[PDB]
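Neighbour counts run over all protein chains shown; Cβ positions are idealised from the backbone, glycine included. Every read-out reported here was derived from the displayed coordinates using simple, explicitly stated rules and does not represent laboratory data.
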Amino acid sequence: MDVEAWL
Amino acid sequence: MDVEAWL
Amino acid sequence: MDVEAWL
Amino acid sequence: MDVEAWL
Amino acid sequence: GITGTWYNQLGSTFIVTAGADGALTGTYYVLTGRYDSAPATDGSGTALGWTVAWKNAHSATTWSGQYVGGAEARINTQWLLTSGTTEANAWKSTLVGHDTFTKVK
Amino acid sequence: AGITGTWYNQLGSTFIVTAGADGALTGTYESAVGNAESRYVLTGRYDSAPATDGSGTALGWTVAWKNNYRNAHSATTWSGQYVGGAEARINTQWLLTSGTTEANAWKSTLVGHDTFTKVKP
Amino acid sequence: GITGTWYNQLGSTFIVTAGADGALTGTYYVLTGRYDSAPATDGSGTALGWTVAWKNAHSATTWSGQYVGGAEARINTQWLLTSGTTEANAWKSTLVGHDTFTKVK
Amino acid sequence: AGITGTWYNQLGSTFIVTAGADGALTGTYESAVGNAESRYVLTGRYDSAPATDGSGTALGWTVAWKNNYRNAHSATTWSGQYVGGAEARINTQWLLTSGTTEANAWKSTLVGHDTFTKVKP
């Protein structure tokens, strides 16, 4: 999961 | 999968 | 998940 | 999938 | 038992022909896949899978599951729906879900 | 047509895939040895008109693990994207369903990822 | 709406407490997870997830899904069940499925 | 306790995980910057008595993407195995569910893999 991209 | 909604 | 069957 | 291992 | 028209629980209609040697062909859009043409006789279902590319929604779904015969025949599946994306969005390109197919609406 | 050819994982599975002009995928799984006894038919579909801005090409395929010699009473589907270029890939997720009794149906499907490359490891 | 006892469609029973700030705690075996404690008011469900480690079956399941309120309240989920395995078998260590939870058996 | 500590992916997410004696996982997701505004609570469970023959340790955790400042109306679960040693890993699959209307519920859950390592990339 690309967390930085999701948020 | 709800095909009609996807397309 | 069928828990009772798994355990 | 490790196909060789599955078969 | 597989050849025929199948209905999922949300409207969708799957017309499939099961060939003698394992081919699945039909329409959902074109569908193609494979099935076990000599399943076990031990009460096991019949493993299968198929793909539809949605051409254009730039995406394709694969269903993986098993056919279960009898008076209340079913194809029980889980699916993956992958969209064409940029590399930046590839991490979020695949949805997952399930579908139950029956011989009546 | 950059999809057509031989694809491998780092488990080293081998798939030879032919992409037809309007969306058909056909081909085979091949063993490390490459004999008929471990060869299985693959079939699937791909988007034959993907966005041409560097985006991937959506696709999927299935192999049922029966041939003229063996039957593992199971089938795998791979769902993913082809990305071209010098380091071409097919990036996928897979579902492997085994035929099971109704009582075991709940545990019939394994899941994982597969990264395919053109370079044999 | 989340706090309480939930039943899946196959026997299983999930007792959960939803804490004010997003904690899920309870028993299924110990269960723990998180939920969105301020969901949208646009008809969207409430996102959540939880884990049970099956201690000993040397395995753990995560459920990911959403709570939907009302007269026919549901928690709709998909799950991953990972077993501890050797490295040789790690490729086949995770099963996938779905579960629907309701407030009655 | 080899699970306890900071774990990264090659997308470089950062998770700090504490494994408690009898099976609790707690900790946080941390942004590249590491501030409170991008910090989220993680909680999960692991097998506290795994096979001691080199097999992995089964585990799972959840992060709901709400904190005191932001809310993405979604939650991710990771399911996988910890493997120790010089090249320790947590090998996982994840499900990311967003809150959706009932009409869109069918497309509420994304899936993928994540490989965690102790070495910041």
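Could you tell me whether H:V33 is surrounded by fewer than 23 Cβ atoms within 10 Å (Cβ to Cβ), β-branched (V, I, T) and assigned to a strand (DSSP E or B)?
Details: surrounded by fewer than 23 Cβ atoms within 10 Å (Cβ to Cβ): yes; β-branched (V, I, T): yes; assigned to a strand (DSSP E or B): no.
Against the criterion (surrounded by fewer than 23 Cβ atoms within 10 Å (Cβ to Cβ), β-branched (V, I, T) and assigned to a strand (DSSP E or B)), H:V33 does not qualify.
The sole residue among G:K55, G:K105 that is surrounded by 14 or more Cβ atoms within 10 Å (Cβ to Cβ) and of a type outside the set (V, I, T) is G:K55. Keeping to region E:66-105, report how many residues are more than 10 Å from every other protein chain (Cβ to nearest Cβ), under 13 Å from the mean Cα position of the chain (by Cα) and basic (K, R). Going through region E:66-105 one residue at a time, the tally reaches 0.
Residue count for region G:67-90 under the criterion of being more than 18 Å from G:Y28 (Cβ to Cβ) and touching a strand residue (DSSP E or B) at 6+ places or on another chain (Cβ under 6 Å): the result is 2. Of the strands (runs of 3 or more DSSP E) lying entirely inside region E:6-98, those containing at least 3 residues that are of a type in the set (S, T, Y) and under 18 Å from F:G60 (Cα atoms) are E:59-68, E:74-83. So how many residues does region G:45-79 have that are out of contact with any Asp or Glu (no Cβ under 9 Å at 6 or more places or on another chain), farther than 28 Å from H:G23 by Cα and not basic (K, R)? Matching residues across region G:45-79 total 5. Annotation: E:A20 fulfils all but one of (1) more than 14 Å from the chain's Cα centre (by Cα); (2) farther than 29 Å from H:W94 by Cα; (3) of a type in the set (A, V, I, L, M); (4) crowded, with 20+ Cβ neighbours inside 10 Å; the unmet one is (4). Here F:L25 fits the description: buried (at least 21 other Cβ atoms within 10 Å of the Cβ), more than 7 Å from every other protein chain (Cβ to nearest Cβ) and either on the phi < 0 side of the Ramachandran plot or not in a loop (DSSP other than H, G, I, E, B) (or both). Against the conditions (1) at the interface with another protein chain (Cβ under 7 Å from one of its Cβ atoms); (2) over 21 Å from G:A47 (Cα atoms); (3) under 11 Å from the mean Cα position of the chain (by Cα), H:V17 satisfies every one except (1). The residues of region F:17-51 that are of a type in the set (A, V, I, L, M, F, W, C) and within 17 Å of F:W65 (Cβ to Cβ), listed by number, are F:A32, F:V33, F:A36, F:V41, F:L42.
Could you list, in sequence order, all residues of region F:108-121 that are in a strand (DSSP E or B) and at the interface with another protein chain (Cβ under 7 Å from one of its Cβ atoms)? Even if it seems obvious, please write down each step before you answer.
Quick first cut of region F:108-121, residues in a strand (DSSP E or B) only: F:109-117.
Residues satisfying the conditions are F:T109, F:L110, F:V111, F:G112, F:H113, F:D114.
Restricted to region H:64-83, and to residues there that are β-branched (V, I, T) and touching a helix residue (DSSP H, G or I) at 6+ places or on another chain (Cβ under 9 Å), the residue that is surrounded by the most Cβ atoms within 10 Å (Cβ to Cβ) is H:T76.
If I filter region F:1-16 for residues that are among the β-branched types (V, I, T) and touching an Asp or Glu at 6+ places or on another chain (Cβ under 7 Å), do I get at least one hit?
Residues of region F:1-16 that are among the β-branched types (V, I, T), as a first pass: F:3-4, F:6, F:14, F:16.
When the remaining residues are screened for being touching an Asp or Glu at 6+ places or on another chain (Cβ under 7 Å), the result is F:14, F:16.
Yes, that holds for at least one residue.
Could you list all residues from region H:88-107 that are in a loop (DSSP other than H, G, I, E, B), within 11 Å of chain G (Cβ to nearest Cβ) and farther than 26 Å from H:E37 by Cβ? Answer for region H:88-107, where residues must be in a loop (DSSP other than H, G, I, E, B), within 11 Å of chain G (Cβ to nearest Cβ) and farther than 26 Å from H:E37 by Cβ: just H:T101. Evaluating G:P39 against the criteria (1) closer than 25 Å to C:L7 by Cβ; (2) touching a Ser or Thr at 6+ places or on another chain (Cβ under 9 Å) leaves one unmet condition, (1).
For region F:36-67, a residue qualifies if it is more than 22 Å from F:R89 (Cβ to Cβ) and part of a loop (DSSP other than H, G, I, E, B), and the qualifying residues are F:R39, F:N67.
For region F:78-87, the set of residues classified as within 17 Å of E:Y35 (Cα to Cα) and assigned to a loop (DSSP other than H, G, I, E, B) is empty.
Only one of the numbered conditions (1) over 19 Å from H:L110 (Cβ atoms); (2) part of a loop (DSSP other than H, G, I, E, B) is violated by F:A75, and that is (2).
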